[PDB]
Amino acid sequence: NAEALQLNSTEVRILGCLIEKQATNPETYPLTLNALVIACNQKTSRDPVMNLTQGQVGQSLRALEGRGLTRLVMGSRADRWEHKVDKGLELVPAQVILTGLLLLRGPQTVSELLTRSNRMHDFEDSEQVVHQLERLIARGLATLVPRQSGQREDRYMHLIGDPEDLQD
């Protein structure tokens, strides 16, 4: 019934940032366009580092809005934007955080996800993270990435972007 989103690298970055900043500084959220491009081009908490301009962010924001995944919040001071990933993909906040982490940075291990979600959602332990990821997988929104020699820890990745990024 429900097909794949195949969001581009910009749309992926945007949603990540909306989720991140909603959790990490609510006082700044919904994000203005400029706050959003700053969040997109950040050196830290980003893989990879981007350099998207205002117009790229603006059109991906309108493109997303059309898909029901962003919502324009108009106001007297300036337009601010919010994500609609929870309502849109029917996800509990824990799943929205994890998805956010995976969008921002790609394939991550459970312990990385636990550490990075620390000031965003409070997973009491790595069992709760797995609980939630298993559901994302059952949903068709994340995936366990097969490991091989180099690392002896599972990695997880989201299924919301270009599926050819996951293809060798």
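Don't overthink the numbering: it's just position in the shown sequence, from 1.
Comparing 29 to 37 with 118 to 126, the stretch with the higher mean C-alpha B-factor in the PDB entry is 118 to 126.
Between the stretches 16 to 24 and 142 to 150, it is 142 to 150 that shows the larger average CA temperature factor.
Ranked against the other modelled residues of its chain, the C-alpha B-factor of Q59 as given in the entry falls in the highest third. Sort the modelled residues of the chain by CA B factor and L89 lands in the middle third.
Annotation for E3: CA B-factor lies in the highest third of the chain's modelled residues.
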